[PDB]
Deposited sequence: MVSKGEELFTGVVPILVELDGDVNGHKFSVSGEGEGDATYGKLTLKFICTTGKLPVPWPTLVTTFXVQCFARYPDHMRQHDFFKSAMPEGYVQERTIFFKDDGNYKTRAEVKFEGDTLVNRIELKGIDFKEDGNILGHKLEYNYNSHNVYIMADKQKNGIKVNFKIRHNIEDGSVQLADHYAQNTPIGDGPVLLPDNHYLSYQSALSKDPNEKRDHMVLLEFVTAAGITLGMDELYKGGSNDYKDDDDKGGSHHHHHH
């Protein structure tokens, strides 16, 4: 049978993203809108910096900007924590360590407000180099494919997630961003605590030729894998 959480994602769902950030005292806000299609693992989102110029590179915010939209194969449905927490939602806590630079700490609440899936985020960055790759805007406007590794944390009724992002630097080198996270349900009801598995991500960044505000257009596909003799 289809669970309550699963049922909320059977069609295309509107998404609203709202972020308030402070990186080395540079304060900024971003709003985003678009939609998610969990059957395809597909996100289509446009983000605007509503406070003016974004003080960090757009690519450094991609991972922060709704894992409930991952495509989970039918055979992996019992391992989809994110949809199981809906509609009440979950809280994602992350730390992102930029190698040889500062770190972001984020807290995101992911939940439905009516028919809209909302990703509401606070981000705090400290210890950045004012002329490094982040505050100096030395990162290319592109994005590599990565795997994201998920394990249960039964004690906390949630999951732990870790992965490495490699951001391309304009000189051909790479800026590593080591991610560590916890996701915990907001509600008090049962959730699905998964066996170890991963999500496979691919992401494409673009610009809207008619948009004069500082912005990012994101197309992202996300598929669960790692748990699999019928043939």
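Visitor: Return the ranges of the deposited sequence not covered by C-alpha coordinates, sorted by sequence position.
Guide: Going by the record, the segments left unmodelled (no C-alpha atoms) fall at 66, 230-233, 237-258.
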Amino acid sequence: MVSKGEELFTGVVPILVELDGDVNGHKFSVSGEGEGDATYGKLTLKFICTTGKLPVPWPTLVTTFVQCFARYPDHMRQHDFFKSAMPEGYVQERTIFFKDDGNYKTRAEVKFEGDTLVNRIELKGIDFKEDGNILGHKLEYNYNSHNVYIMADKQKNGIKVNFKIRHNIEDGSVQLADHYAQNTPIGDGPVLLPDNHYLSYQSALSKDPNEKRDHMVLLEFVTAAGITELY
From here on, numbers count along this sequence of modelled residues.
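Visitor: Could you check which stretch, 101-109 or 143-151, carries the larger mean CA temperature factor in the entry?
Guide: Comparing 101-109 with 143-151, the higher mean C-alpha B-factor belongs to 143-151.
Visitor: Name the higher of the two by mean Cα B-factor in the PDB entry, 90-98 versus 130-138.
Guide: Per the PDB record, 130-138.
Visitor: Hey, out of 187, 55, 41, 34, whose CA B-factor is highest in the deposited coordinates?
Guide: In this record, 187 carries the highest C-alpha B-factor of the candidates.
Visitor: Reading the B-factor column of the entry, which of 209, 25, 21, 14 has the highest value at its C-alpha atom?
Guide: Answer for 209, 25, 21, 14: 209, with the highest C-alpha B-factor.
Visitor: Looking at the temperature factor on the CA atom of residue 48, which third of the chain's modelled residues does it land in?
Guide: Residue 48: CA B-factor falls in the middle third of its chain.
Visitor: By the record's CA B-factor, is residue 85 among the lowest, middle or highest third of residues in the chain?
Guide: Its C-alpha B-factor, which the entry lists for residue 85, ranks in the middle third among residues of this chain.
Visitor: Sorting by Cα B-factor within the chain, modelled residues only, which third would residue 166 end up in: lowest, middle or highest?
Guide: For residue 166, the deposited C-alpha B-factor lands in the middle third.
Visitor: Would you mind ranking residue 71 by its C-alpha B-factor against the rest of the chain and naming the third, lowest, middle or highest?
Guide: Its C-alpha B-factor belongs to the middle third of this chain's values.
Visitor: Just say lowest, middle or highest third for the CA B-factor of residue 116 relative to the other modelled residues in its chain.
Guide: It belongs to the middle third of the chain when residues are ordered by C-alpha B-factor.
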